[PDB]
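Input: a single structure, listed below in structure tokens.
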4 protein chains.
Amino acid sequence: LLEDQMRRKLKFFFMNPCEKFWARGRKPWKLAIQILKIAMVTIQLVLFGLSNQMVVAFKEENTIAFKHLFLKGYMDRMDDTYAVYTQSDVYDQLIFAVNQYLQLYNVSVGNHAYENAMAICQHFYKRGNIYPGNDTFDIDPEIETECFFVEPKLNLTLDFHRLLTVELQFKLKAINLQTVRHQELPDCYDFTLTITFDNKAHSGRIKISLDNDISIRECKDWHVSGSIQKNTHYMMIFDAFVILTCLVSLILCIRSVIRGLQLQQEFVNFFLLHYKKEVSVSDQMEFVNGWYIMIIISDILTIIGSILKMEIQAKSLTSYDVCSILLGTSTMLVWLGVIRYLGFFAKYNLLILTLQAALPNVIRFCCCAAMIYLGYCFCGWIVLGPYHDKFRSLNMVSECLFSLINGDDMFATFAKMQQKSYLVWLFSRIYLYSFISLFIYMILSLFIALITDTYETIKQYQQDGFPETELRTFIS
Amino acid sequence: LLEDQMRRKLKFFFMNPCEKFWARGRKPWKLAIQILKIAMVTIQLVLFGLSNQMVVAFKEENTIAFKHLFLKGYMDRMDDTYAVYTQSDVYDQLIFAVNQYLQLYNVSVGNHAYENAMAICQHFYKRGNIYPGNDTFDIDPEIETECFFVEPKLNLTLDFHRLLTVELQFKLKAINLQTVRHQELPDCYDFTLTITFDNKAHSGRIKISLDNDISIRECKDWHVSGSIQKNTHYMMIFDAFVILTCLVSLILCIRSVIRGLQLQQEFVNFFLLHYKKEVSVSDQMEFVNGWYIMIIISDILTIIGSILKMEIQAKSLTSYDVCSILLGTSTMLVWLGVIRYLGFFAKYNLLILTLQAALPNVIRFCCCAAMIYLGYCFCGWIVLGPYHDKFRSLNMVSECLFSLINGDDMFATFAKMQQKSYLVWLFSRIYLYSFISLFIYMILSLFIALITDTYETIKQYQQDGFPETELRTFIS
Amino acid sequence: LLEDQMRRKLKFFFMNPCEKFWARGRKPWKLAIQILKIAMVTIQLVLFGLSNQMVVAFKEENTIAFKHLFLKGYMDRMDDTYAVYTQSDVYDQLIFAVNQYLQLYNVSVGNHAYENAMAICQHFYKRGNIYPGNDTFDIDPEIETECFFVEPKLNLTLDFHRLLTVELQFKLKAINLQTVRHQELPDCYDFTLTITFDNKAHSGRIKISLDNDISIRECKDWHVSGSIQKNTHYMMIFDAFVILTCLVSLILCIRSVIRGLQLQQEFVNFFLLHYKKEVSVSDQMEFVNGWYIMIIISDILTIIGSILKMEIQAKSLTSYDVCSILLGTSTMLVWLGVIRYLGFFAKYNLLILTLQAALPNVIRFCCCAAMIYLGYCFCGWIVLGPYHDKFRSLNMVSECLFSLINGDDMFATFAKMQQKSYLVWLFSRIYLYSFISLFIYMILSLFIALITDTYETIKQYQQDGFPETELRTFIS
Amino acid sequence: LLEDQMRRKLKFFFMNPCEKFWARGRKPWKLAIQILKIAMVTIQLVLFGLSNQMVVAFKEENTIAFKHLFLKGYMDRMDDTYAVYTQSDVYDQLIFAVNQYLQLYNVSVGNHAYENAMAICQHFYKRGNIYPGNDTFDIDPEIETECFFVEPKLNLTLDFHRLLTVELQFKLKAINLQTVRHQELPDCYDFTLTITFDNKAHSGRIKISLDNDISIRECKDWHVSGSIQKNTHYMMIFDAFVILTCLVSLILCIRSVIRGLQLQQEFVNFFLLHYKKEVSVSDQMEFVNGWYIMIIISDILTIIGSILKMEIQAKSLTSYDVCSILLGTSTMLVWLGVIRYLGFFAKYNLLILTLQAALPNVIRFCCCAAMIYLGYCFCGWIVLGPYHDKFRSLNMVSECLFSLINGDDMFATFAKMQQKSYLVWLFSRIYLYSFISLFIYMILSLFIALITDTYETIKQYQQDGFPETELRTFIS
Ligand SMILES: *[C@@H]1O[C@H](CO)[C@@H](O)[C@H](O)[C@H]1NC(C)=O
Ligand SMILES: *[C@@H]1O[C@H](CO)[C@@H](O)[C@H](O)[C@H]1NC(C)=O
Ligand SMILES: *[C@@H]1O[C@H](CO)[C@@H](O)[C@H](O)[C@H]1NC(C)=O
Ligand SMILES: *[C@@H]1O[C@H](CO)[C@@H](O)[C@H](O)[C@H]1NC(C)=O
Ligand SMILES: *[C@@H]1O[C@H](CO)[C@@H](O)[C@H](O)[C@H]1NC(C)=O
Ligand SMILES: *[C@@H]1O[C@H](CO)[C@@H](O)[C@H](O)[C@H]1NC(C)=O
Ligand SMILES: *[C@@H]1O[C@H](CO)[C@@H](O)[C@H](O)[C@H]1NC(C)=O
Ligand SMILES: *[C@@H]1O[C@H](CO)[C@@H](O)[C@H](O)[C@H]1NC(C)=O
């Protein structure tokens with residue numbers, strides 16, 4: 001009958017292993033292109049990560065060597081957050097830094113060379129008038145930058161209370177030999193340096209640092225072993241081929257989505273002429289694969305990630321952030337997607353059967369426990385903020401109470417109180433003993449017991465059929 | 001009948017979602033004022049926390065800049081607990097500190113200025129006579145403070161064995177620009193400084209520190225951008241409106257408490273004329289809402305917290321401790337109170353059904369395990385106190401054995417023993433191996449198994465009715 | 001009958017709450033003396049701990065002040081394990097230390113004074129002959145100490161390869177004011193100092209340290225506030241009273257032990273004339289209380305602990321180690337013993353019902369898992385000993401694998417490898433990934449599941465009687 | 001019948017306690033040689049570990065003393081990874097190191113003496129031409145080492161951009177007295193030193209270190225206490241005896257393997273003539289003991305380990321790595337093997353019954369969760385690599401996410417972000433909050449619930465027989 005026709009095509013709509021569906025009758029390979037996609041996407045991501053990692057290593061080493069070249073009294077391994085608290089000391093610092101830049105060729109071991117320029121920016125208030133003795137001040141809140149230019153020993157005067165910030169900016173060129181000679185990547189390193197003196201807090205605490213922005217290019221004229229060389233970028237082609245595969249498994253699985261859609265309304269509309277039932281929810285959910293949706297999303301993300309890696313390599317800005325985040329989140333979703341093809345073996349379906357059956361319940365529970373958490377987190381923030389080093393911004397408080405839910409860095413917290421206000425110090429102890437002894441044992445063990453319970457129920461589903469659907473009664 | 005009348009009003013006394021009670025017949029909004037309360041109380045607490053946080057940031061920066069201005073050989077990032085062990089060194093220190101205060105205008109970068117005064121307090125024993133060679137001493141235990149006053153290089157003599165303490169006290173005024181210009185808060189900073197030399201232990205170990213007390217005020221005459229300004233405090237009004245809302249949800253829920261009270265004796269006294277049973281416990285407990293009690297408590301605490309924030313802002317002492325603790329504990333209870341309105345959805349009641357059904361049992365268990373804990377904690381204190389850095393005061397021992405219950409900072413503990421007394425060193429290892437291997441696995445896993453078990457029982461309550469009460473038999 | 005007579009006295013042999021036994025007919029108080037014992041023993045232990053703690057605090061402060069007085073280039077907070085690697089440096093060190101001792105009165109802030117003496121011990125080999133160039137050495141392994149005595153600048157010659165060790169020994173007297181004036185404790189502090197130079201390893205690494213031995217006495221002639229004083233030790237009397245109470249609850253509970261014994265053979269021998277069964281095990285176990293045994297043991301330990309605290313206070317050696325360990329382990333057992341009297345309430349018996357029913361099974365399991373642990377611990381020791389900072393002695397390896405069972409200091413371990421030998425470095429990672437991923441999840445979760453299971457079974461015992469004993473069938 | 005004959009010999013093939021098999025009729029001892037093996041193998045491994053440990057202690061002390069003798073400005077306890085950033089500083093360093101080697105006899109405390117030689121290796125590029133100003137470079141990538149030899153103050157010129165590395169190599173002989181005099185081990189210590197200056201990264205960051213290779217020998221002419229001595233190595237004989245025992249328990253258990261094999265085909269082939277069933281899997285698995293296999297493997301490994309310890313001691317290279325790994329993994333397997341003889345008691349079989357019944361399921365589960373883990377680990381690597389100190393190489397990322405699964409070093413991770421790129425900084429927080437809150441609670445609690453469940457099933461196996469095998473139906 002009509003019934004048996006439509007249900008008969010349906011029976012092989014749903015054959016879960018594509019091995020099992022093809023087992024009916026022969027179809028040319030699709031799944032092979034998805035395995036190819038995995039191998040591609042991850043080979044791209046690895047080949048990317050290694051290169052980027054070498055460039056980062058070089059920027060790290062160089063910015064360290066700079067920290068010791070241009071910061072007076074940087075301890076020859078490392079010091080950090082170094083600040084100068086007397087105005088004679090700020091003057092001595094400035095004089096030193098500039099004198100190092102001008103004497104850089106005698107001083108430095110590195111191949112650092114100038115570009116063919118030291119910009120001294122001084123940002124002070126338009127009309128600064130401050131008299132803490134009178135307990136009165138008068139200001140116009142503009143910023144006027146009186147600048148300098150130094151060429152490869154000056155005179156300067158800085159009225160300090162007027163002074164908002166200072167800066168030193170000089171370009172330096174470095175050539176990286178190992179990376180260029182061994183492999184083909186751009187090996188010219190332009191370095192912009194900014195030595196900034198934050199007076200913004202106006203605490204009398206002059207804060208110094210050294211910022212490094214590294215813009216890559218290629219050496220125009222380049223000779224290896226007496227010959228000449230030009231870097232051939234094959235990864236340029238490789239990105240392309242990965243966009244191709246990813247596009248194909250975009251399309252094929254889009255058709256796999258919409259075909260099933262039209263079979264879903266085909267099914268439900270069929271169902272009225274005969275049995276006249278609905279399940280607008282159950283078997284619309286059923287036909288949507290939901291793993292195909294993931295393949296499509298990680299596909300889109302891999303396309304845009306690859307394109308951005310391609311422009312970012314060609315035009316060669318090398319900021320890399322928004323490209324890395326995409327091309328990473330994609331491979332995360334792809335490798336996640338491999339679980340289905342583990343599942344075709346059928347000895348592993350439990351993690352994504354119960355992880356899907358656990359979520360509808362946990363989400364409810366999680367919400368209700370999140371109310372407690374917030375109400376806890378605020379009070380921790382304010383009451384503990386003046387004193388405890390960890391509770392300062394609201395977020396850090398979130399990483400404390402999340403660290404402590406998981407029982408990590410505990411005794412640190414009890415011992416980092418300042419003890420200065422006995423009342424508050426004691427409060428913190430009621431706070432932490434409370435939170436730990438509630439949100440670990442009670443709430444956590446309730447949550448974990450919830451998931452394990454769900455695992456029991458899905459276990460005996462795996463043992464005795466499943467919840468019976470009109471579909472799976474009707475396909476059988 | 002009479003029965004059906006009283007029970008009939010009762011049926012809608014208990015309609016749990018106020019949505020569900022109003023579902024009967026229309027009532028004007030109350031619950032809306034409770035949601036308004038939440039939004040208020042937390043907006044107050046956040047707007048408070050941010051301001052207080054900025055004031056703390058400024059005090060931190062400044063007291064650091066002071067630590068480096070007035071303490072000889074403070075390493076230009078930080079050193080801590082710095083102490084001077086030769087009397088020549090104490091003299092050099094004092095001379096330095098005073099000389100910095102008098103030269104402060106040449107030295108400092110900050111806008112620190114004097115107030116229109118250096119108080120040198122020297123606290124020595126009345127009749128000090130000490131002769132450790134004779135193994136004999138004679139003292140009269142009074143304290144006589146021979147003081148100084150310095151005005152913007154002295155002669156001083158300190159007999160050291162007589163000397164109990166020393167101090168230097170000088171006011172310094174600092175103006176904070178960023179906070180005043182960007183937002184309206186008091187921006188005058190009075191600083192009292194106390195440089196204290198503890199000889200109290202008389203170990204030959206002279207301990208130094210720098211204490212900072214910051215009293216806020218407002219700049220009398222103040223001009224921004226060529227104009228004049230006066231800070232308008234709207235948060236003054238905001239505190240008021242929050243006291244109002246909080247008072248209203250105090251009153252309305254008090255009536256909600258007592259109304260149910262008179263219905264509880266109305267119910268139980270009714271019950272004698274007919275069925276002649278009691279449940280003096282069960283359904284007196286039932287009528288008291290217990291969530292209304294919380295709303296009332298967090299309400300009181302929010303009232304007093306707000307008033308204290310208001311006086312503390314107006315009169316402007318700015319100690320802030322007892323205000324912060326209240327206004328925090330309140331918002332903690334309020335956000336906790338949100339769980340009920342999550343519960344009206346009815347997919348979340350499990351956490352506060354089982355968290356209430358778990359407490360009567362756990363409390364018993366907890367008590368019995370607390371006996372073990374104390375008996376463990378004392379022996380740890382004394383036997384381990386001379387040697388292990390962590391076990392010193394009794395409390396710290398409490399935070400060790402609580403840290404170790406939760407398995408945090410373990411190898412630290414085994415490695416911090418002093419090994420000097422082999423017998424005791426070995427004892428500590430029997431101690432810790434024992435405690436960990438008992439109080440984690442055995443007692444903890446028993447406790448967690450208790451709560452999870454309770455969760456099972458309340459789960460199948462959620463599945464099949466509840467324990468049957470004469471009330472809920474009688475309302476049905 | 002005879003049966004009913006003996007069983008009739010037995011029925012009140014076993015009345016578990018002594019409240020419940022006295023409920024029969026009146027008996028004078030015993031249990032009151034046990035509560036008195038608890039209050040005593042712990043008040044003794046606390047009053048002890050505080051005093052000892054103050055003496056430790058003073059020794060700590062003083063030995064620090066010494067470390068900075070007599071060790072050249074001790075950084076004015078702390079340095080640790082400081083060693084001198086050139087012979088010119090050792091000479092300069094020695095000269096400095098001695099010069100400080102002789103100039104101590106100008107130098108020190110403290111009240112340290114000599115006793116009415118600097119002993120320079122030099123331990124060198126009898127016949128030292130060493131020639132690492134010839135790859136040949138000749139020695140006679142004796143120790144001959146050529147000593148000195150210095151009186152308040154020398155000439156010295158040390159042949160270094162012959163030199164085994166050096167030492168400086170000088171007594172210094174310190175008077176502690178706060179403790180004597182505020183409370184009555186001995187306040188004379190004799191200090192023996194030993195500055196030792198370990199050359200024993202003969203690595204060219206000369207290791208220095210400062211050892212402190214503090215012998216207490218009382219100031220002979222002592223005047224407070226113009227009057228005279230002698231410290232009255234009431235704690236001397238207090239120790240006595242505690243020995244008394246402890247002795248009484250020794251005796252009374254010994255009789256409680258042997259009475260039940262003679263009722264146990266009385267019972268079992270009775271049982272042959274009639275029913276002719278044995279339970280040589282079950283109801284010999286039953287009559288022995290097992291809590292009385294604890295009271296007796298903690299009693300003995302409290303007696304000896306108190307006596308040793310009394311001699312150690314009177315004769316006043318003040319080593320304190322073997323006294324502290326006893327008097328601590330006792331109070332640990334006593335406070336543990338309080339659980340029974342919590343149990344008389346009868347809402348708490350579960351922890352010591354199931355903790356006793358869990359032990360016979362766990363002990364078996366524990367043994368079998370200990371085999372795995374040892375076999376793991378050895379291989380960790382040897383294979384990882386040359387490289388990983390943590391695995392060195394066998395014991396430390398035991399505290400690593402115990403730290404890691406409990407999941408504490410993990411990333412530290414993976415990051416502390418030396419990476420020098422790639423093969424071994426990789427081995428350590430198979431080692432740790434293996435051990436963690438076996439001995440946590442598998443073995444630990446098996447153990448914890450064992451205890452929780454036992455808790456289930458004892459729960460439904462608490463619900464439906466118990467295992468039925470011929471006794472408890474026969475007393476009923 | 002034939003059936004009863006073969007099954008009758010079989011009944012005592014399988015008697016699990018060899019005590020229980022011998023209980024039939026007397027057999028001479030085998031198991032005694034296995035207990036002897038355990039005692040041997042571990043006594044060898046301990047006696048080895050101690051010796052090796054003393055040699056390591058001496059190398060550690062000496063290489064430290066060297067770090068302070070030859071590295072300018074090594075802080076007299078320790079500094080680490082010390083690097084020199086100006087070419088004047090590199091020159092001063094070199095001059096210092098060499099001057100220390102030549103003056104070593106005045107300088108050092110140790111008995112270090114030369115061997116009867118300072119090799120200065122300088123590795124520079126063949127044709128170095130570098131011009132970072134032109135953004136052009138030309139190189140021929142060879143390495144040409146222009147060397148020196150110094151004999152107990154030079155002139156040197158190093159063109160720095162050409163310079164790849166530098167080195168200083170000098171032998172030093174040290175005699176260790178304590179080890180030779182107290183026990184018989186080789187006590188001559190040859191030290192090769194390499195002071196290496198890595199310029200390889202060409203960051204301007206010249207990295208220095210001190211490498212130590214220690215080759216042991218024996219002192220040719222050696223006299224103790226006026227007499228003469230030659231070290232008698234009895235451990236040479238001891239290794240032999242252990243190889244013997246290990247070989248015997250190799251052979252005997254090989255026969256125990258193959259005998260059971262021929263009884264397995266004897267059994268299955270027998271089974272066709274009568275009942276005609278197979279179980280090619282079940283009872284081929286059954287006859288293979290699987291514990292004998294372990295004894296054989298740990299036996300092989302102990303043989304090769306012992307032989308390598310013997311050659312490595314005689315020829316005396318003392319690299320020790322591949323010997324230690326073997327001789328360790330063996331004793332790990334042996335002590336593991338002890339569990340069976342614990343099992344003969346029969347109160348402990350549960351751990352290796354359920355640990356074997358848990359593995360077939362977990363392995364499936366573990367695989368599927370490993371897919372998630374990898375896909376997570378890559379994205380963590382790349383997206384977090386530029387910034388987070390922990391995520392750098394892929395492996396370290398593996399030890400982060402394994403550290404965090406187990407909840408160790410958490411707050412460290414949230415606080416080690418660089419915050420420089422707000423987008424990425426926020427990403428890391430979605431990353432970590434996600435991973436922790438999925439891979440701990442959900443996946444971990446699922447895994448642990450799996451093992452505990454398996455423990456339940458094997459528990460009630462222990463209670464009611466086992467899965468019934470035609471064998472154990474047929475032997476009965
Ligand atoms: C380095 O200093 C010398 C003088 O000491 C000078 O002759 C030389 O030009 C300086 N280096 C450079 C690159 O100018
Ligand atoms: C107050 O302001 C006036 C400028 O009108 C200035 O001359 C005077 O010095 C100020 N007072 C102090 C204490 O600095
Ligand atoms: C700073 O020192 C100079 C002398 O070097 C003196 O003239 C000046 O008055 C000092 N500063 C102040 C604020 O007095
Ligand atoms: C003992 O006290 C007397 C004062 O009566 C003093 O002169 C003498 O120096 C003291 N002894 C010592 C050793 O200081
Ligand atoms: C301290 O040194 C001075 C000389 O500078 C000397 O007169 C005095 O006696 C010394 N102190 C003591 C206690 O001898
Ligand atoms: C070897 O020993 C002799 C003493 O007999 C000594 O003179 C000679 O210097 C030694 N050799 C070396 C290299 O020190
Ligand atoms: C140590 O230096 C002195 C000169 O101060 C010299 O005579 C002696 O020979 C040096 N040591 C050695 C072992 O040469
Ligand atoms: C470019 O290279 C030439 C060598 O042909 C050299 O003379 C010139 O100085 C280089 N330019 C710079 C800026 O160093």
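By order of appearance in the structure tokens: chains A, B, ..., then residues from 1 within every chain, and ligands from 1 in the order shown.
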Tell me the residues of chain C close to chain A, meaning within 12 Å using only C-alpha atoms, as a PDB file with N, CA and C atoms, in the first residue's frame.
ATOM      1  N   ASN C 406      45.324  11.661  45.826  1.00  0.00           N
ATOM      2  CA  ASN C 406      44.369  12.687  46.219  1.00  0.00           C
ATOM      3  C   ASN C 406      44.354  13.877  45.267  1.00  0.00           C
ATOM      4  N   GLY C 407      45.114  13.822  44.176  1.00  0.00           N
ATOM      5  CA  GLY C 407      45.091  14.869  43.174  1.00  0.00           C
ATOM      6  C   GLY C 407      45.543  16.220  43.686  1.00  0.00           C
ATOM      7  N   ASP C 408      46.754  16.289  44.230  1.00  0.00           N
ATOM      8  CA  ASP C 408      47.299  17.547  44.715  1.00  0.00           C
ATOM      9  C   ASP C 408      48.745  17.665  44.273  1.00  0.00           C
ATOM     10  N   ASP C 409      49.109  18.855  43.802  1.00  0.00           N
ATOM     11  CA  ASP C 409      50.408  19.114  43.187  1.00  0.00           C
ATOM     12  C   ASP C 409      50.660  18.115  42.053  1.00  0.00           C
ATOM     13  N   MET C 410      49.906  18.320  40.972  1.00  0.00           N
ATOM     14  CA  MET C 410      49.999  17.471  39.790  1.00  0.00           C
ATOM     15  C   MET C 410      50.854  18.127  38.717  1.00  0.00           C
TER      16      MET C 410
END
Polymer residues at most 9 Å from residue 447 in chain A, only C-alpha atoms, same-chain spacing of 6 or more positions, as a PyMOL selection string
(chain A and resi 362+365-366) or (chain D and resi 441)
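Near ligand 8, the residues found within 12 Å are residues 105, 111, 112, 113, 114, 115, 116, 173, 220, 221 and 222 of chain A; 129, 130, 131, 132, 133, 134, 135, 136, 137 and 138 of chain D (criterion computed using only C-alpha atoms and all ligand atoms).
Computed from the coordinates, the CA of residue 470 in chain C to CA of residue 282 in chain C distance equals 9.4 Å.
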Expected selection as a ChimeraX atom specification for ligand 1 within 10 Å, only C-alpha atoms and all ligand atoms
/A:102-107,152
Serialized selection, N, CA, C and O atoms, as a PDB file, in the first residue's frame:
ATOM      1  N   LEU A 102      70.572  55.425  21.475  1.00  0.00           N
ATOM      2  CA  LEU A 102      71.571  56.054  20.615  1.00  0.00           C
ATOM      3  C   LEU A 102      72.869  55.256  20.565  1.00  0.00           C
ATOM      4  O   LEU A 102      73.550  55.251  19.534  1.00  0.00           O
ATOM      5  N   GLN A 103      73.229  54.584  21.655  1.00  0.00           N
ATOM      6  CA  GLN A 103      74.429  53.758  21.708  1.00  0.00           C
ATOM      7  C   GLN A 103      74.154  52.295  21.374  1.00  0.00           C
ATOM      8  O   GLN A 103      75.010  51.443  21.637  1.00  0.00           O
ATOM      9  N   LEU A 104      72.984  51.994  20.802  1.00  0.00           N
ATOM     10  CA  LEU A 104      72.521  50.615  20.665  1.00  0.00           C
ATOM     11  C   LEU A 104      73.515  49.715  19.944  1.00  0.00           C
ATOM     12  O   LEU A 104      73.564  48.508  20.212  1.00  0.00           O
ATOM     13  N   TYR A 105      74.325  50.272  19.041  1.00  0.00           N
ATOM     14  CA  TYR A 105      75.198  49.421  18.238  1.00  0.00           C
ATOM     15  C   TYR A 105      76.392  48.913  19.038  1.00  0.00           C
ATOM     16  O   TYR A 105      76.780  47.748  18.896  1.00  0.00           O
ATOM     17  N   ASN A 106      76.992  49.761  19.875  1.00  0.00           N
ATOM     18  CA  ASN A 106      77.977  49.269  20.835  1.00  0.00           C
ATOM     19  C   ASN A 106      77.362  48.307  21.843  1.00  0.00           C
ATOM     20  O   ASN A 106      77.976  47.292  22.193  1.00  0.00           O
ATOM     21  N   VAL A 107      76.150  48.599  22.315  1.00  0.00           N
ATOM     22  CA  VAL A 107      75.609  47.882  23.469  1.00  0.00           C
ATOM     23  C   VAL A 107      75.156  46.478  23.075  1.00  0.00           C
ATOM     24  O   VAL A 107      75.620  45.477  23.631  1.00  0.00           O
ATOM     25  N   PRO A 152      69.823  59.515  15.884  1.00  0.00           N
ATOM     26  CA  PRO A 152      71.077  58.814  16.184  1.00  0.00           C
ATOM     27  C   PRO A 152      72.308  59.583  15.712  1.00  0.00           C
ATOM     28  O   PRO A 152      72.679  59.461  14.544  1.00  0.00           O
TER      29      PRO A 152
END
Residues near residue 344 in chain A, anyone? I mean within 9 Å using only C-alpha atoms, not counting same-chain ones fewer than 5 positions away, as a PyMOL selection string.
chain A and resi 16-20+339+349
Between CA of residue 414 in chain A and CA of residue 376 in chain A - distance in Å to one decimal
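Between CA of residue 376 in chain A and CA of residue 414 in chain A the gap is 17.0 Å.
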Give me the residues near residue 355 in chain A as a VMD selection string, where near means some atom within 10 Å (using only C-alpha atoms) and where sequence neighbours in that chain fewer than 2 positions away do not count.
(chain A and resid 350 to 353 357 to 360 451 454 to 455 458) or (chain D and resid 438 442 to 443 446)
Keeping N, CA, C and O atoms, export the residues of the selection given above as a compact mmCIF listing (two decimals), in the first residue's frame.
# COMPACT_ATOMS: atom_id res chain seq x y z
N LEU A 350 26.90 5.25 24.46
CA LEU A 350 26.36 5.61 25.77
C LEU A 350 26.66 7.05 26.14
O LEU A 350 25.83 7.72 26.76
N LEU A 351 27.84 7.56 25.77
CA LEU A 351 28.24 8.89 26.23
C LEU A 351 27.36 9.98 25.63
O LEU A 351 27.02 10.96 26.31
N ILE A 352 26.97 9.84 24.36
CA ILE A 352 26.15 10.84 23.70
C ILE A 352 24.66 10.47 23.70
O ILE A 352 23.81 11.31 23.37
N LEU A 353 24.31 9.27 24.17
CA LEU A 353 22.93 9.01 24.53
C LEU A 353 22.61 9.64 25.88
O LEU A 353 21.64 10.40 26.01
N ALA A 357 20.54 12.86 27.23
CA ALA A 357 19.43 12.66 28.16
C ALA A 357 19.67 13.30 29.52
O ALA A 357 18.72 13.47 30.29
N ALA A 358 20.91 13.67 29.84
CA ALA A 358 21.19 14.34 31.11
C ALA A 358 20.95 15.84 31.03
O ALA A 358 20.57 16.46 32.03
N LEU A 359 21.13 16.44 29.85
CA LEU A 359 21.10 17.89 29.73
C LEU A 359 19.75 18.52 30.08
O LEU A 359 19.74 19.52 30.82
N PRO A 360 18.61 18.02 29.60
CA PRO A 360 17.33 18.68 29.94
C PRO A 360 17.06 18.80 31.43
O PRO A 360 16.40 19.75 31.86
N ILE A 451 23.52 13.13 37.39
CA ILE A 451 24.02 12.57 36.13
C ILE A 451 24.14 11.06 36.22
O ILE A 451 23.72 10.33 35.31
N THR A 454 20.79 9.41 35.82
CA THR A 454 20.42 9.42 34.41
C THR A 454 21.15 8.31 33.65
O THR A 454 20.55 7.62 32.80
N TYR A 455 22.43 8.10 33.97
CA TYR A 455 23.19 7.03 33.33
C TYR A 455 22.57 5.67 33.60
O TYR A 455 22.56 4.80 32.72
N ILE A 458 19.43 5.34 31.25
CA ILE A 458 19.78 5.09 29.86
C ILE A 458 20.47 3.74 29.70
O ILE A 458 20.38 3.11 28.64
N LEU D 438 32.34 20.37 31.93
CA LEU D 438 31.89 19.21 31.16
C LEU D 438 32.69 17.96 31.55
O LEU D 438 32.12 16.98 32.06
N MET D 442 30.37 15.75 34.13
CA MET D 442 29.65 14.87 33.22
C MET D 442 30.48 13.63 32.89
O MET D 442 30.14 12.52 33.33
N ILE D 443 31.58 13.81 32.16
CA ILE D 443 32.32 12.66 31.66
C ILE D 443 32.97 11.88 32.80
O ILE D 443 32.84 10.65 32.88
N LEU D 446 30.48 10.02 34.88
CA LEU D 446 30.00 8.89 34.09
C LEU D 446 30.97 7.72 34.14
O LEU D 446 30.56 6.56 34.31
Excluding same-chain residues fewer than 2 positions from residue 248 in chain A, what lies within 12 Å of it counting only C-alpha atoms, as a PyMOL selection string?
chain A and resi 30-34+36-37+241-246+250-255+295-296+299-300+303
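Going from CA of residue 68 in chain A to CA of residue 153 in chain A covers 20.7 Å.
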Skipping near chain neighbours, those fewer than 2 positions away, what residues fall within 12 Å of residue 472 in chain C using only C-alpha atoms, listed as number ranges by chain?
C: 7, 10-11, 14, 282-283, 286, 465-470, 474-476
Using only C-alpha atoms, the shortest atom-to-atom distance to residue 382 in chain B among B:394, B:75, B:333, B:46 belongs to B:394
From a backbone DSSP assignment, name each residue in range 91-200 of chain A labelled strand (DSSP E), as a PyMOL selection string.
chain A and resi 113-114+118-131+136-145+148-150+163-175+188-198
